[PDB]
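Below you'll find only one chain, the form deposited in one PDB entry, shown as structure tokens.
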């Protein structure tokens, strides 16, 4: 027999109740603006899928950010655009302002609201205990929103969480890997950065859901409170699961594989070994103890579960004691 099916615990059928055009992005028609409205100022970054620039909208003198896409299948561009338009205006979601056809590359360019970024490699070393709870709460607002809208991000990691620390503002960016959740759909497991891939991706379990983003969030939280980046530091996708298993233990891993009748890649046989579940105290030391508390460890533990069905939802996470003071201040 094959793998046991799975469905999201929450927001399971939200896309089914929408009109088909909400999620049928292959049939999305792109609304193009005027590429002459924008003059590039300077380059801000580059990646495998795009280059990102500061630009000026010369019709109103507004600063914007322009993401010029490298060649990719048009259906992937339609996907990202449709998701950005669906999520526009949601809390802490980057705002897509315009779409233009770049004259040189002949590829699309997405135009986004400007947001000032403090690079995480400089910010994360100055964050207080309170800052981490605050910004984790703000990320959870974006994840609960997009999940409630039927969308999983699938690429949650520090580079995709832009933080203007001076104004305590945060935006979840790069929706190029995001997808619509449909019950029973089997998804590509070649998503997310290595260090943030959930166990379902590493064992090739395709019927995953929003809870994938909650694993990635737990990896971010561990790296911030323990000041260890990345927290699970694998050499490849196989070794990545080994690094997880040396912390979470192999017993719950094999229980997970058994529960969903997952056929484990035979490469894993010789490398996973047998490992006890470790106590989080072993990652606490004098340089990070001010960021670690019983509340943080309880919250972290409830995110980092092999069984995607047993991880906190974004809404459950927001109600955890770790956020009581953040919640009280925001009232």
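Numbering follows the first chain given and starts at 1. By rigid core we mean the largest C-alpha set that fits within 1.5 Å across both forms.
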property: 78-86 or 224-232, whichever carries the higher mean Cα B-factor; result: 224-232
property: Mean C-alpha temperature factor, higher of 177-185 and 104-112; result: 104-112
property: Member of 126, 206, 148, 92 with the greatest C-alpha B factor (per the PDB record); result: 126
property: Which of 299, 53, 268, 306 ranks first by CA B-factor in the deposited coordinates; result: 268
property: B-factor third for the C-alpha atom of residue 238 within its chain; result: highest
property: Modelled-residue ranking by C-alpha temperature factor, third containing residue 65; result: lowest
property: B-factor third for the C-alpha atom of residue 159 within its chain; result: middle
property: Assigned third (lowest, middle, highest) for the C-alpha B factor of residue 167; result: highest
property: Ranked C-alpha temperature factor of residue 200 among modelled chain residues, by third; result: middle
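Another form exists, deposited in another entry; not displayed. Remarks below refer to it.
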query	finding
Residue from 188, 128, 261, 122 whose Cα, after superposing the rigid core, lies 2 Å or more away between the shown form and the other one	122
Core fit, then residue 46 C-alpha moves 2 Å or more between the shown form and the other one	yes
Relative Cα spacing, residue 26 and residue 47, in that other deposited form - shift of 3 Å or more	farther
Closer or farther in that other deposited form: C-alpha pair residue 138, residue 121 (3 angstroms or more)	closer
